[PDB]
Amino acid sequence: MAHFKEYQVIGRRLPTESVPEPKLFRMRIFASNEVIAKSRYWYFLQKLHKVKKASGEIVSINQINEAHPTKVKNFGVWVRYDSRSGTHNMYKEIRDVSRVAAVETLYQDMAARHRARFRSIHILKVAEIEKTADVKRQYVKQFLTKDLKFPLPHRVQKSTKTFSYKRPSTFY
Amino acid sequence: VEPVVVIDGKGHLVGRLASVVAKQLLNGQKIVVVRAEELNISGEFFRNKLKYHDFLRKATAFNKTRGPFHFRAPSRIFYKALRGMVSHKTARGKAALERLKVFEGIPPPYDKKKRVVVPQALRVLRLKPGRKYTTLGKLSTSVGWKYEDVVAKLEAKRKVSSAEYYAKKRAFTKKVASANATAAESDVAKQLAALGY
Amino acid sequence: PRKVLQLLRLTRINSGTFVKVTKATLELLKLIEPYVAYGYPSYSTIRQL
Amino acid sequence: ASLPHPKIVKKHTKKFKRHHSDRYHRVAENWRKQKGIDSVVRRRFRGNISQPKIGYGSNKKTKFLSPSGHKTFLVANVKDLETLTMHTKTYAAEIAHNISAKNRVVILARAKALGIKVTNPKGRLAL
Amino acid sequence: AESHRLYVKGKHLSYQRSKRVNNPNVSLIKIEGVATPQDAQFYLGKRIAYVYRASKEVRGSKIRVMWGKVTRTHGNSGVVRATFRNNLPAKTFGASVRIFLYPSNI
Amino acid sequence: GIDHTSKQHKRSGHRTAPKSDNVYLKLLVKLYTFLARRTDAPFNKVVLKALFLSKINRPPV
Amino acid sequence: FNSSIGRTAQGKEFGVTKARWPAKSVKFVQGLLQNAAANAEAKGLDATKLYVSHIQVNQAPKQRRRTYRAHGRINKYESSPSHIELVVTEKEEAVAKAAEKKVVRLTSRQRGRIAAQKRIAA
Amino acid sequence: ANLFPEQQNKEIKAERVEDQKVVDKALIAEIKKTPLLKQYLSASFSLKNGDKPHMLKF
Amino acid sequence: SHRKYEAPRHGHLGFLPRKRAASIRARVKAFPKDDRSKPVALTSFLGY
RNA sequence: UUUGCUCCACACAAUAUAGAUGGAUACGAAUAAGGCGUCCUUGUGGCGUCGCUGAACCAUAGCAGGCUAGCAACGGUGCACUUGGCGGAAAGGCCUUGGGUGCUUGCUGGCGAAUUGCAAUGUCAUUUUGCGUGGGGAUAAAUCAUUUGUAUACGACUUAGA
RNA sequence: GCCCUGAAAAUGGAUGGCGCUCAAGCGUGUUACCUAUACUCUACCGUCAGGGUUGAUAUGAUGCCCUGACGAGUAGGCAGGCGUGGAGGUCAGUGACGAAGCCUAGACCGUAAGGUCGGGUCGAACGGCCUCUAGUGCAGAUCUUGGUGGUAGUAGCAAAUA
RNA sequence: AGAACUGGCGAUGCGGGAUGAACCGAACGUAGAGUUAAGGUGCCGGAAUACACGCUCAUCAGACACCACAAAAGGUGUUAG
């Protein structure tokens, strides 16, 4: 694969004689490829209404992009998953001016602040919030203070050549 | 870049510096290390200490005579962080290592000549702020090496000498800098100023 | 899975070909899935192929 | 002379000395594919004397060809040299090790005459 | 004035090994000022000869040479693969070879 | 390698030479063979395979 | 021929602190060294700078004898004789030379650098 | 190969010599227009410690 | 199988090898700490 | 002992090379701070400046750099001397005084090279040794043989005998 | 989850070693690079396979030449081969102007089995090709006979006083 | 000790897991040159001292299938929930 892309997959099973023009459903899948996109749409639909790639078809495999990626996206996550034992539930607030990567910080946050593989992960509600108070996590409300700025010490300079002859400082 | 290169020790993290050295060694660049005692390490001294104790009990029982040799000297300890990090059994390796000369303090030859500072070792580069580090000093002090102050004082010497040599060199190239100012304004200067150098 | 590939042309490793998409031969594919890699070929491809 | 033959390559010219003739003097260098159930040589182990597999045979176009381009034939006496009389560019007369200097030199004259390219001219002939 | 080097210092490394056996035909080489593999293409193909010294004079000289040439950018920090009219004795490992700048394309 | 779906180096078997040491017999062959090539006619292909035959595929008629 | 025999300082003039003193050995080595000085004169050479260069010895036909081992056994105790012979060679100094000349072979780009020498200097 | 290296007895012919002047004449005429040109050529060239050939533009 | 009766050893290990010290002359393997606040004098001495 | 040894300036038969080809090119500590200049009211300092790689700084044009002239300066600058001073951590190497001498590319001139045939390291280092140069210096010890015990299987240790 | 607790045995010691601490460690996404008797394209080989081919003032059509494919392998099977003792046949072959044997960090042919040649050695009968004939090929059998060793100038020759 | 399906070994080298008959990738005439498996890219050793999100200090860290063991029961250590 690679990095995520939100796909607008809309399936309606496989229309038969008695089931012409089925009800139809739009489930949102993530991943970089479309084959891995439809694979996820069918397992998830393999968890709702009785089917498999054998009894139904995903009408289309569309894409999804942000209409205003110049504003800071203060997202509020919601996810379901398993564990090296059973299964649990969770909620976060990952910020980023891009949906798919806020979800990558998640698939990484699952393997980092919990050590859990992508497989063991079903992402659900991902809705940016408006009002500052609506924001729960204060370590996300950490960058909401009015009139803000901030510096960064110990600039560990990248060495392209082996031996240096200055023995550098933290200047930054 | 230079035939038999030099290496300043203070700051460097034992391991990182050990491999860049073993590389240039089995490559053909004769290199010598200096001040293996100001050679910073990691975590707390007690840890590494107890770890050295491991090499201290490791020896042949039927004859401690022909057993692993646990060199106490801060330099001899680093020579082991290369010994097992290169083929010192092969004709190539034995002599490959020969380009190597590890030294304590900054002896006379290497104090008049420039000493190199490698970023991939220097603590202020391969370590996290607040995360405790160690020093070859305190370890050797309590492991078998008994020349701590011996060198410690030879630096109060070697250092005090090359120290006032810079105060000279400082104001030397201080008025040589006022000569660079009154060397411009001319075309030979205006020209080279736009021609790169 | 061995005969499937013997009797589906692919005699020696890293070798490929085509088959008409039909539930008939469609079953061989899901029988030796961890033995190959397939997909819908494009004009450009087939040509050079 | 000879003919327009491609480069005479043999790939692995190094004799295939029997396994252990270098260890025992009772074992000659005369190759023999060891039959034993253990034999590292027979089981073909990375770092063992490779056996004479036919994949080492010589290219048909240059098989039997000396670096020159003359396939050494074994000449006997007078009548026997007149054999390759018409092959001065693709065959060579190698005089039999069992030839008396008397009859030996007489043949060498017949050789230079017909353009008979001989390989062992110093044969019993003092220099 | 004092400089007569038109080639560059090519520090000779190991043949073409893995963890086990090596390749006694194509050796791997390093060179002065080569870091960017993108801009490492410049030294590609450039013929290279190692200058070693002998005892018994050959053709009026006792300074023989085994010849070679550049092939493709190996590694990711300015390394280079090379072959030879004759492979090196292995005992030459870890030296400094002469990499001339021809054929050119500047 | 290649999946040996069929035995490798399968000697065709059916004799394409007589185990005869008698030249005359072999000549009939050289003749009939030549026939069973240019003539592109069925009949000789049969006699061509027939001369090879043992004292059994050549029983007394 | 050491094979588990003790030392003896008298043999330290050879750096090898290991030796012995073979008596019946010399008894016959002098009987021959006397015979060689005898034949150096029989021809009439300079019986002075006579430096011996070829002294080699090889085992002789093992004289059969035997000892009686326990449990009625018969193990060999054969005499181990030898075959020596040295050549007393005159020591004439001087050698000078007599070897090769090396017919210098060069190329055009090699003989051209010879003329390039007569341009630099003279 | 029976003299080597008995000087020359084969030096030059002034034929090729003359031809040179019958060239540089107009070449050095354009040099007396762009400053330091002769100076640039009156020198050789070799790789110095510190400079990168692949990065150097020519 | 342990000894049979946990007992003491036979010979200080520190005092080894039993190698015959260089020569009949005893080598002084150490000397007293110096005090530069007192008069000069020796520390060792010979004897038979 | 046939004049055997050895230091220094070089020179020539050699000898091998773990691998010269502009330059190993001197603060120390700080690394959640400092380098330099700088100045005031002398410091854990008022003020400016700076890194952000050495991709620096220096070297660097001439028959492997020849032969000759002059201008502007007397700088810089190699060899061989010397002097003030210093270095013992393996000093054995470094800073300096006054000269002699070499050269100058800081500028302007003026002759030179080809045929190494369009490439062939195309040889310009130093390590060490040898029979012969000649400018000085230098006149032993060791073992073995007898001997001793504080010695020991023997070697060895150990003291002794012009 | 991560880290410690849980966490004790015998020769000192193994994330393979060294070494690793915003890692080279646990998880993970992007990667770029790294090299299998494998696959890629190819040269050559033998076998098998499907073919074209006598055309003569020649031949081996058990030939020549073409296209494709393939090569693991003990026990094991049959094919093509090499060598060796005598027999009938034959190259009116070898040969006291050196056959056989033998030695040969000398050369050639063959995948090879072996053949061939240079030199020494040596002194009397021997090789090729076509068949025939077999007491026909040795590293092994605590293999037989005869030979020679490392052990080894070692153990040790020491009772009947000396 | 014993059964079944398939696979191997035996009898099959090879490159990988330090190492090994069985596993991972893979099979072999001889070579040439590309590309990869497997397996890895501090160093030993061919290959990033690559980049991004993290977590984690241990006066007994951990550090990759088979595989060379660790369990119940705990921590106001520290993070996420």
# chains A, B, ... in the order shown; residues from 1 in each chain; ligands from 1
call {"tool": "residues_around", "arguments": {"residues": "residue B:109", "least_positions_apart": "5", "cutoff": "12 Å", "atoms": "only C-alpha atoms (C1' of nucleotides)", "output": "PyMOL selection string"}}
result
(chain B and resi 6+32+34+103+114-115+158) or (chain J and resi 24+26+87+89-94)
call {"tool": "select_by_dssp", "arguments": {"residues": "chain D", "states": "helix (DSSP H, G or I)", "output": "JSON list (two decimals) with N, CA and C atoms, in the first residue's frame"}}
result
[["chain", "number", "residue", "atom", "x", "y", "z"],
["D", 54, "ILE", "N", 29.72, -33.33, -17.65],
["D", 54, "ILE", "CA", 29.77, -33.08, -19.09],
["D", 54, "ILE", "C", 29.54, -31.56, -19.42],
["D", 55, "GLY", "N", 29.06, -30.78, -18.44],
["D", 55, "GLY", "CA", 28.86, -29.35, -18.68],
["D", 55, "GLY", "C", 30.21, -28.64, -18.87],
["D", 56, "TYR", "N", 31.31, -29.40, -18.70],
["D", 56, "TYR", "CA", 32.69, -28.88, -18.84],
["D", 56, "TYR", "C", 33.32, -29.26, -20.23],
["D", 60, "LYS", "N", 32.40, -27.95, -29.76],
["D", 60, "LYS", "CA", 32.58, -28.75, -31.00],
["D", 60, "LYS", "C", 33.50, -28.03, -32.06],
["D", 61, "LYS", "N", 33.24, -26.75, -32.33],
["D", 61, "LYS", "CA", 34.01, -25.97, -33.33],
["D", 61, "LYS", "C", 35.55, -25.95, -32.98],
["D", 62, "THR", "N", 35.89, -25.97, -31.68],
["D", 62, "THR", "CA", 37.30, -25.91, -31.22],
["D", 62, "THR", "C", 37.72, -27.15, -30.32],
["D", 78, "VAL", "N", 57.94, -42.91, -42.87],
["D", 78, "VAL", "CA", 57.82, -42.27, -44.22],
["D", 78, "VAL", "C", 56.31, -42.23, -44.72],
["D", 79, "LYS", "N", 55.83, -43.40, -45.17],
["D", 79, "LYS", "CA", 54.47, -43.61, -45.71],
["D", 79, "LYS", "C", 53.39, -42.98, -44.78],
["D", 80, "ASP", "N", 53.64, -43.04, -43.47],
["D", 80, "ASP", "CA", 52.70, -42.53, -42.47],
["D", 80, "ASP", "C", 52.62, -40.97, -42.42],
["D", 81, "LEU", "N", 53.67, -40.27, -42.84],
["D", 81, "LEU", "CA", 53.60, -38.79, -42.80],
["D", 81, "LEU", "C", 52.76, -38.29, -44.01],
["D", 82, "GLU", "N", 52.94, -38.98, -45.14],
["D", 82, "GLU", "CA", 52.25, -38.68, -46.40],
["D", 82, "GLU", "C", 50.69, -38.74, -46.18],
["D", 83, "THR", "N", 50.27, -39.10, -44.96],
["D", 83, "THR", "CA", 48.84, -39.22, -44.62],
["D", 83, "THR", "C", 48.11, -37.85, -44.69],
["D", 84, "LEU", "N", 48.55, -36.91, -43.85],
["D", 84, "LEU", "CA", 47.92, -35.58, -43.79],
["D", 84, "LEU", "C", 48.56, -34.62, -44.85],
["D", 101, "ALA", "N", 66.39, -41.34, -33.48],
["D", 101, "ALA", "CA", 66.91, -40.10, -34.08],
["D", 101, "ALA", "C", 67.20, -40.31, -35.61],
["D", 102, "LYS", "N", 67.66, -41.50, -35.98],
["D", 102, "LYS", "CA", 67.96, -41.81, -37.39],
["D", 102, "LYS", "C", 66.70, -41.51, -38.27],
["D", 103, "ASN", "N", 65.68, -42.35, -38.12],
["D", 103, "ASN", "CA", 64.42, -42.23, -38.86],
["D", 103, "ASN", "C", 63.68, -40.92, -38.43],
["D", 104, "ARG", "N", 63.95, -40.47, -37.21],
["D", 104, "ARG", "CA", 63.30, -39.28, -36.65],
["D", 104, "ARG", "C", 63.59, -38.01, -37.52],
["D", 105, "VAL", "N", 64.86, -37.74, -37.80],
["D", 105, "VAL", "CA", 65.25, -36.53, -38.57],
["D", 105, "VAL", "C", 64.76, -36.59, -40.07],
["D", 106, "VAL", "N", 64.83, -37.77, -40.68],
["D", 106, "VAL", "CA", 64.43, -37.98, -42.10],
["D", 106, "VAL", "C", 62.97, -37.44, -42.33],
["D", 107, "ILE", "N", 62.10, -37.75, -41.37],
["D", 107, "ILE", "CA", 60.70, -37.35, -41.40],
["D", 107, "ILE", "C", 60.55, -35.80, -41.30],
["D", 108, "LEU", "N", 61.34, -35.17, -40.42],
["D", 108, "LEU", "CA", 61.29, -33.71, -40.22],
["D", 108, "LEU", "C", 61.55, -32.95, -41.58],
["D", 109, "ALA", "N", 62.38, -33.54, -42.45],
["D", 109, "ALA", "CA", 62.71, -32.94, -43.76],
["D", 109, "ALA", "C", 61.43, -33.03, -44.67],
["D", 110, "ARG", "N", 60.78, -34.19, -44.63],
["D", 110, "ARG", "CA", 59.56, -34.43, -45.40],
["D", 110, "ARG", "C", 58.47, -33.45, -44.87],
["D", 111, "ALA", "N", 58.56, -33.12, -43.58],
["D", 111, "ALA", "CA", 57.59, -32.21, -42.91],
["D", 111, "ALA", "C", 57.73, -30.76, -43.44],
["D", 112, "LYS", "N", 58.94, -30.20, -43.34],
["D", 112, "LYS", "CA", 59.20, -28.82, -43.81],
["D", 112, "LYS", "C", 58.82, -28.71, -45.33],
["D", 113, "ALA", "N", 59.03, -29.82, -46.05],
["D", 113, "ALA", "CA", 58.75, -29.91, -47.49],
["D", 113, "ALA", "C", 57.23, -29.68, -47.79],
["D", 114, "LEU", "N", 56.38, -30.61, -47.33],
["D", 114, "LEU", "CA", 54.91, -30.57, -47.59],
["D", 114, "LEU", "C", 54.19, -29.46, -46.74]]
call {"tool": "interface_residues", "arguments": {"of": "chain L", "to": "chain B", "cutoff": "9 Å", "atoms": "only C-alpha atoms (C1' of nucleotides)", "output": "number ranges by chain"}}
result
L: 42-44, 49, 57, 59
call {"tool": "atom_distance", "arguments": {"atom1": "atom CA of residue E:105", "atom2": "atom CA of residue A:161"}}
result
27.3 Å
call {"tool": "residues_around", "arguments": {"residues": "residue F:18", "least_positions_apart": "4", "cutoff": "7 Å", "atoms": "only C-alpha atoms (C1' of nucleotides)", "output": "short mmCIF file (atom, residue, chain, number, x, y, z; two decimals) with N, CA and C atoms, in the first residue's frame"}}
result
data_model
loop_
_atom_site.label_atom_id
_atom_site.label_comp_id
_atom_site.auth_asym_id
_atom_site.auth_seq_id
_atom_site.Cartn_x
_atom_site.Cartn_y
_atom_site.Cartn_z
N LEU F 51 11.60 -52.84 -41.47
CA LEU F 51 12.94 -53.47 -41.60
C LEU F 51 13.65 -53.54 -40.20
N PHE F 52 13.42 -52.51 -39.36
CA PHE F 52 14.01 -52.40 -37.98
C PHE F 52 13.62 -53.67 -37.14
N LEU F 53 12.31 -53.93 -37.11
CA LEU F 53 11.68 -55.04 -36.39
C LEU F 53 12.61 -56.28 -36.17
#
call {"tool": "closest_atom_pairs", "arguments": {"of": "chain J", "to": "chain E", "cutoff": "10 Å", "atoms": "only C-alpha atoms (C1' of nucleotides)", "output": "tab-separated table"}}
result
residue	atom	partner	partner_atom	distance
J:14	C1'	E:55	CA	9.8
J:15	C1'	E:55	CA	7.7
J:16	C1'	E:55	CA	7.3
J:17	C1'	E:53	CA	7.6
J:18	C1'	E:95	CA	7.2
J:19	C1'	E:95	CA	5.5
J:21	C1'	E:5	CA	6.4
J:22	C1'	E:3	CA	6.1
J:55	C1'	E:33	CA	9.8
J:60	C1'	E:1	CA	7.4
J:61	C1'	E:1	CA	7.6
J:62	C1'	E:1	CA	8.0
J:64	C1'	E:2	CA	7.4
J:65	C1'	E:1	CA	5.9
J:119	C1'	E:102	CA	9.4
J:121	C1'	E:51	CA	5.7
J:122	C1'	E:61	CA	8.6
J:123	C1'	E:61	CA	6.3
call {"tool": "interface_residues", "arguments": {"of": "chain K", "to": "chain C", "cutoff": "10 Å", "atoms": "only C-alpha atoms (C1' of nucleotides)", "output": "JSON, numbers by chain"}}
result
{"K": [38, 39, 40]}
call {"tool": "interface_residues", "arguments": {"of": "chain A", "to": "chain B", "cutoff": "7 Å", "atoms": "only C-alpha atoms", "output": "PDB file with N, CA and C atoms, in the first residue's frame"}}
result
ATOM      1  N   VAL A 156      20.036  19.644  16.895  1.00  0.00           N
ATOM      2  CA  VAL A 156      21.019  18.582  16.614  1.00  0.00           C
ATOM      3  C   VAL A 156      21.289  18.569  15.064  1.00  0.00           C
ATOM      4  N   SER A 159      24.668  15.728  10.056  1.00  0.00           N
ATOM      5  CA  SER A 159      26.032  15.576   9.519  1.00  0.00           C
ATOM      6  C   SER A 159      25.996  14.763   8.188  1.00  0.00           C
ATOM      7  N   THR A 162      31.412  12.497   7.488  1.00  0.00           N
ATOM      8  CA  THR A 162      31.892  11.780   8.697  1.00  0.00           C
ATOM      9  C   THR A 162      32.522  12.773   9.753  1.00  0.00           C
ATOM     10  N   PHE A 163      33.821  13.039   9.609  1.00  0.00           N
ATOM     11  CA  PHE A 163      34.559  13.920  10.542  1.00  0.00           C
ATOM     12  C   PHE A 163      34.148  15.418  10.369  1.00  0.00           C
ATOM     13  N   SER A 164      33.939  16.076  11.509  1.00  0.00           N
ATOM     14  CA  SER A 164      33.640  17.518  11.568  1.00  0.00           C
ATOM     15  C   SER A 164      34.964  18.126  12.166  1.00  0.00           C
ATOM     16  N   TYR A 165      35.031  19.446  12.355  1.00  0.00           N
ATOM     17  CA  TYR A 165      36.255  20.074  12.911  1.00  0.00           C
ATOM     18  C   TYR A 165      35.830  21.325  13.740  1.00  0.00           C
ATOM     19  N   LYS A 166      34.568  21.337  14.167  1.00  0.00           N
ATOM     20  CA  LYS A 166      34.017  22.465  14.922  1.00  0.00           C
ATOM     21  C   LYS A 166      33.377  21.999  16.276  1.00  0.00           C
ATOM     22  N   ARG A 167      32.841  20.770  16.324  1.00  0.00           N
ATOM     23  CA  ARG A 167      32.193  20.240  17.556  1.00  0.00           C
ATOM     24  C   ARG A 167      31.063  21.290  17.950  1.00  0.00           C
TER      25      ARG A 167
END
call {"tool": "closest_atom_pairs", "arguments": {"of": "chain K", "to": "chain B", "cutoff": "10 Å", "atoms": "only C-alpha atoms (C1' of nucleotides)", "output": "CSV"}}
result
residue,atom,partner,partner_atom,distance
K:11,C1',B:61,CA,6.1
K:12,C1',B:58,CA,4.1
K:13,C1',B:58,CA,7.1
K:17,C1',B:84,CA,6.4
K:18,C1',B:84,CA,4.9
K:19,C1',B:15,CA,5.2
K:20,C1',B:15,CA,7.0
K:21,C1',B:42,CA,7.1
K:22,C1',B:128,CA,5.6
K:23,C1',B:126,CA,9.0
K:24,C1',B:16,CA,9.5
call {"tool": "write_last_selection", "arguments": {"atoms": "N, CA and C atoms (P, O5', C5', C4', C3', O3' and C1' of nucleotides)", "output": "PDB file, in the first residue's frame"}}
result
ATOM      1  P     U K  11      30.207 -26.924  36.215  1.00  0.00           P
ATOM      2  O5'   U K  11      31.733 -26.440  36.091  1.00  0.00           O
ATOM      3  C5'   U K  11      32.341 -25.530  37.057  1.00  0.00           C
ATOM      4  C4'   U K  11      33.213 -24.491  36.344  1.00  0.00           C
ATOM      5  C3'   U K  11      32.496 -23.439  35.477  1.00  0.00           C
ATOM      6  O3'   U K  11      33.284 -22.218  35.426  1.00  0.00           O
ATOM      7  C1'   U K  11      33.862 -24.792  34.095  1.00  0.00           C
ATOM      8  P     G K  12      32.688 -20.836  36.033  1.00  0.00           P
ATOM      9  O5'   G K  12      33.625 -19.669  35.456  1.00  0.00           O
ATOM     10  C5'   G K  12      33.496 -18.299  35.933  1.00  0.00           C
ATOM     11  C4'   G K  12      33.054 -17.376  34.799  1.00  0.00           C
ATOM     12  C3'   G K  12      31.706 -17.646  34.131  1.00  0.00           C
ATOM     13  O3'   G K  12      31.148 -16.404  33.666  1.00  0.00           O
ATOM     14  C1'   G K  12      33.471 -18.054  32.571  1.00  0.00           C
ATOM     15  P     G K  13      29.561 -16.107  33.837  1.00  0.00           P
ATOM     16  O5'   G K  13      28.925 -16.474  32.415  1.00  0.00           O
ATOM     17  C5'   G K  13      29.398 -15.846  31.194  1.00  0.00           C
ATOM     18  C4'   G K  13      28.675 -16.432  29.991  1.00  0.00           C
ATOM     19  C3'   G K  13      28.865 -17.934  29.753  1.00  0.00           C
ATOM     20  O3'   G K  13      27.621 -18.634  29.426  1.00  0.00           O
ATOM     21  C1'   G K  13      29.972 -16.698  28.008  1.00  0.00           C
ATOM     22  P     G K  17      25.492 -11.912  20.957  1.00  0.00           P
ATOM     23  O5'   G K  17      27.063 -11.614  20.876  1.00  0.00           O
ATOM     24  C5'   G K  17      28.060 -12.591  21.315  1.00  0.00           C
ATOM     25  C4'   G K  17      29.450 -12.110  20.936  1.00  0.00           C
ATOM     26  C3'   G K  17      29.718 -10.650  21.322  1.00  0.00           C
ATOM     27  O3'   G K  17      30.284 -10.503  22.635  1.00  0.00           O
ATOM     28  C1'   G K  17      30.022 -10.905  18.992  1.00  0.00           C
ATOM     29  P     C K  18      29.750  -9.333  23.618  1.00  0.00           P
ATOM     30  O5'   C K  18      30.354  -7.976  23.000  1.00  0.00           O
ATOM     31  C5'   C K  18      31.774  -7.627  23.143  1.00  0.00           C
ATOM     32  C4'   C K  18      32.182  -6.572  22.118  1.00  0.00           C
ATOM     33  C3'   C K  18      31.607  -5.159  22.285  1.00  0.00           C
ATOM     34  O3'   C K  18      32.429  -4.326  23.138  1.00  0.00           O
ATOM     35  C1'   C K  18      31.295  -5.887  20.049  1.00  0.00           C
ATOM     36  P     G K  19      31.752  -3.334  24.241  1.00  0.00           P
ATOM     37  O5'   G K  19      30.683  -2.450  23.433  1.00  0.00           O
ATOM     38  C5'   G K  19      31.087  -1.308  22.620  1.00  0.00           C
ATOM     39  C4'   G K  19      29.959  -0.910  21.690  1.00  0.00           C
ATOM     40  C3'   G K  19      28.688  -0.408  22.370  1.00  0.00           C
ATOM     41  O3'   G K  19      28.734   0.986  22.687  1.00  0.00           O
ATOM     42  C1'   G K  19      28.095  -2.122  20.864  1.00  0.00           C
ATOM     43  P     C K  20      27.658   1.616  23.727  1.00  0.00           P
ATOM     44  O5'   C K  20      26.238   1.525  22.975  1.00  0.00           O
ATOM     45  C5'   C K  20      26.003   2.191  21.688  1.00  0.00           C
ATOM     46  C4'   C K  20      24.655   1.785  21.095  1.00  0.00           C
ATOM     47  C3'   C K  20      23.417   2.231  21.871  1.00  0.00           C
ATOM     48  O3'   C K  20      23.052   3.564  21.495  1.00  0.00           O
ATOM     49  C1'   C K  20      23.204  -0.066  21.295  1.00  0.00           C
ATOM     50  P     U K  21      23.498   4.813  22.412  1.00  0.00           P
ATOM     51  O5'   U K  21      22.158   5.233  23.194  1.00  0.00           O
ATOM     52  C5'   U K  21      20.967   5.663  22.468  1.00  0.00           C
ATOM     53  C4'   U K  21      19.728   5.693  23.371  1.00  0.00           C
ATOM     54  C3'   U K  21      19.681   6.743  24.488  1.00  0.00           C
ATOM     55  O3'   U K  21      18.337   7.230  24.639  1.00  0.00           O
ATOM     56  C1'   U K  21      19.421   4.585  25.433  1.00  0.00           C
ATOM     57  P     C K  22      17.975   8.751  24.208  1.00  0.00           P
ATOM     58  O5'   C K  22      17.430   8.617  22.702  1.00  0.00           O
ATOM     59  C5'   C K  22      16.215   7.870  22.403  1.00  0.00           C
ATOM     60  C4'   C K  22      15.258   8.698  21.548  1.00  0.00           C
ATOM     61  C3'   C K  22      15.732   9.102  20.153  1.00  0.00           C
ATOM     62  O3'   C K  22      15.598   8.054  19.189  1.00  0.00           O
ATOM     63  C1'   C K  22      14.608  10.932  21.182  1.00  0.00           C
ATOM     64  P     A K  23      16.644   7.959  17.965  1.00  0.00           P
ATOM     65  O5'   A K  23      18.049   7.790  18.705  1.00  0.00           O
ATOM     66  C5'   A K  23      18.199   6.835  19.780  1.00  0.00           C
ATOM     67  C4'   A K  23      19.130   5.721  19.351  1.00  0.00           C
ATOM     68  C3'   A K  23      18.705   4.918  18.119  1.00  0.00           C
ATOM     69  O3'   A K  23      19.910   4.559  17.430  1.00  0.00           O
ATOM     70  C1'   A K  23      18.844   3.457  19.987  1.00  0.00           C
ATOM     71  P     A K  24      19.875   4.207  15.854  1.00  0.00           P
ATOM     72  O5'   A K  24      19.827   2.610  15.870  1.00  0.00           O
ATOM     73  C5'   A K  24      19.000   1.856  14.949  1.00  0.00           C
ATOM     74  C4'   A K  24      19.201   0.365  15.180  1.00  0.00           C
ATOM     75  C3'   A K  24      18.785  -0.180  16.549  1.00  0.00           C
ATOM     76  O3'   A K  24      18.469  -1.574  16.377  1.00  0.00           O
ATOM     77  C1'   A K  24      21.153  -0.263  16.357  1.00  0.00           C
TER      78        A K  24
END
call {"tool": "residues_around", "arguments": {"residues": "stretch 15-24 of chain I", "least_positions_apart": "5", "cutoff": "12 Å", "atoms": "only C-alpha atoms (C1' of nucleotides)", "output": "PyMOL selection string"}}
result
(chain B and resi 63-65) or (chain I and resi 10+29) or (chain J and resi 149-151+156-159)
call {"tool": "write_last_selection", "arguments": {"atoms": "C-alpha atoms (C1' of nucleotides)", "output": "PDB file, in the first residue's frame"}}
result
ATOM      1  CA  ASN B  63      44.252 -21.664  33.608  1.00  0.00           C
ATOM      2  CA  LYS B  64      43.290 -17.988  34.357  1.00  0.00           C
ATOM      3  CA  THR B  65      46.753 -17.545  32.784  1.00  0.00           C
TER       4      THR B  65
ATOM      5  CA  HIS I  10      46.307 -25.868  50.596  1.00  0.00           C
ATOM      6  CA  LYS I  29      58.249  -4.285  44.852  1.00  0.00           C
TER       7      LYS I  29
ATOM      8  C1'   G J 149      76.855 -22.762  47.353  1.00  0.00           C
ATOM      9  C1'   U J 150      73.269 -19.069  49.282  1.00  0.00           C
ATOM     10  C1'   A J 151      72.966 -24.084  43.625  1.00  0.00           C
ATOM     11  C1'   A J 156      69.560 -22.093  34.660  1.00  0.00           C
ATOM     12  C1'   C J 157      70.592 -18.887  39.044  1.00  0.00           C
ATOM     13  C1'   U J 158      75.218 -17.913  41.698  1.00  0.00           C
ATOM     14  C1'   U J 159      80.134 -16.001  43.345  1.00  0.00           C
TER      15        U J 159
END
call {"tool": "select_by_dssp", "arguments": {"residues": "chain D", "states": "strand (DSSP E)", "output": "list in words"}}
result
residues 71, 72, 73, 74, 75, 91, 92, 93, 94 and 95 of chain D
call {"tool": "interface_residues", "arguments": {"of": "chain K", "to": "chain F", "cutoff": "9 Å", "atoms": "only C-alpha atoms (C1' of nucleotides)", "output": "VMD selection string"}}
result
chain K and resid 38 to 39 47 to 49 61 70
